[PDB]
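Provided below as structure tokens are two forms of one protein chain, presented individually as structure 1 and structure 2.
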Structure 1
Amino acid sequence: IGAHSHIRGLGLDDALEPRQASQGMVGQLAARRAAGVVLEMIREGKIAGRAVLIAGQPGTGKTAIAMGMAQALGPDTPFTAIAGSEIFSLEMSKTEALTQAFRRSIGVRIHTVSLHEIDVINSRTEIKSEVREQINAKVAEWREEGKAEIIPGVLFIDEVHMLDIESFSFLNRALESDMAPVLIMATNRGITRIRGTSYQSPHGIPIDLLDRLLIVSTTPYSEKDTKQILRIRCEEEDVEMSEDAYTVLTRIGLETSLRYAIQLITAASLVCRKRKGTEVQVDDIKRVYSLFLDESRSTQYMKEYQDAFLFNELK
């Protein structure tokens, strides 16, 4: 089961106004409306030489908004979401990792198949430079024939601040293509040094690329919006839960993270299943919270430990 399984589009009306709860989206109104304006630009073909940045704290639906945009663009539109750190591979070049990420977001119609799938099919049965060169000529023939349609999708780069200039320059060259997908990046970082450079820049993105961005901000969720997201996620993970439990899990979510709160659903349901239960109660959420820790509690304990042994270095 996918994390954004509930997201079926941006859920805005004809006037690009967000509906509070529609198409799997909840709240995050301003960002959803701005994402809608971007859609109109993709459709009107006014997105050339531009990209999207979704700047916001973790668990504010940056990926969910990006997913929504891909759903709203079409039911077959290729969506690829990757982390910045994912391109730093033992078995792959940063660019080859990014090339794969790009070709995953570019579709070919017959049934729709991504350029990357076509590469894997005519490979292992990193991708060969000659193989891609053949497919690029193959798809050029099919397109000019009219038997195939090139449908550019959405490429989402989470943790974008993880990229270096070498990879940032790759994206510029990549977006020069006519079949280039709509690049949407995300970060929770402000002014940071650009990796591979001695220079600092907003979100750690080179100024030349920032000057071409449509920057969107995701604001943090309220108790109401958090509950609604958990309520939706339970439905997707097929988890029945009490209202007093939702009240507690949202509190946990607000005090910790939405990720941690969602992480507890699967575990809380098992605790409940192990005793009959029928639906997850407060005691179930409470017990599962004591069992598994959030990254903040986890580090606080380790800090307390390491700091106490450092004071030992004196006595």
Structure 2
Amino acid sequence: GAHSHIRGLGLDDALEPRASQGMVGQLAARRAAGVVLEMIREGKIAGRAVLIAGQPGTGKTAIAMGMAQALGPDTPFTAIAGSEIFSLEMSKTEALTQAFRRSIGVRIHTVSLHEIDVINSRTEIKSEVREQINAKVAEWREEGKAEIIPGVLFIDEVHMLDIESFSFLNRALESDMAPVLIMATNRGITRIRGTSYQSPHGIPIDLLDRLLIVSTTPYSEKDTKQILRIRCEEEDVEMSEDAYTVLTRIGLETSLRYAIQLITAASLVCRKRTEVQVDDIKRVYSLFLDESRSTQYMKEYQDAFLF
């Protein structure tokens, strides 16, 4: 796993972020997420939704994973990408229905609405089965046999979604059984897919006006160093103290995502002859590019093509 270290948000009793629960830095976004958790607990989350604005690799997925963990240890979490709704074997809304149903859990021991639906379908998924389970769970909830635990639906790259998909989200959040919708994006003012209109995050204004927007800023040299040290532990990789300094500087230069991609690779270069050194970090840097170098060389080739 990649978020294997995350066990919550690591905030104290006053929701103040204490490095804790597998979290490193990102204090402003953690306390903000903590406020969302209290707004959920009271019951003021209804009508509203959450959005994590920030650059790629700034902890957006980790914070929502922490948000689900802090809510409960037996609570559903469904991480999906904007592009995942555009599938050959499925519909845009069929992927979104499955994403919502995966997030709503049933206590009897816990089981999501999707597992209950997938079981009865296999005995894609006939719509008649879904309308039945909905009425069935409603009676079970009424009598007191089953308890509904609304989970967390994390949708990253939310700028890929269209007006038809945002319409679905508005209809699904209208349910009482509805989970907490934590969206995320790397985009500013872009056009809303399916329309000729430009908007912040590529989200329509009718949904923006109900959003709890949080911001994630890139990590410092000290923050980046601990994330890579926590990854080395999770990947059982031994590295020299000055290799961390070179890897983090590369992690600041390019990305943390790429720095983590280098951890796995740089250790097998060390396994070719004890502890990963600066030259193993430097060798694997020339061996594997970062997207910013990959596009630069292609631009340099296409520039000389005009000469």
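Definition used throughout: the rigid core is the maximal C-alpha set that superposes within 1.5 Å between two forms. Structure 1's sequence is the ruler for residue numbers, which start at 1.
Undergrad: Looking at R143, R193, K94, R212, which has a Cα shift of 2 angstroms or more between the two structures when the rigid core is held fixed?
TA: By this measure, the answer is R143.
Undergrad: Where the core is superposed, what shift in Å does the CA of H203 undergo between the two structures?
TA: With the rigid core fitted, the alpha carbon of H203 is displaced 0.3 Å between the two structures.
Undergrad: Core overlaid, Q134 C-alpha shift between the two structures, how many Å?
TA: Comparing between the two structures after core fitting, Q134 shifts 2.4 Å at its C-alpha.
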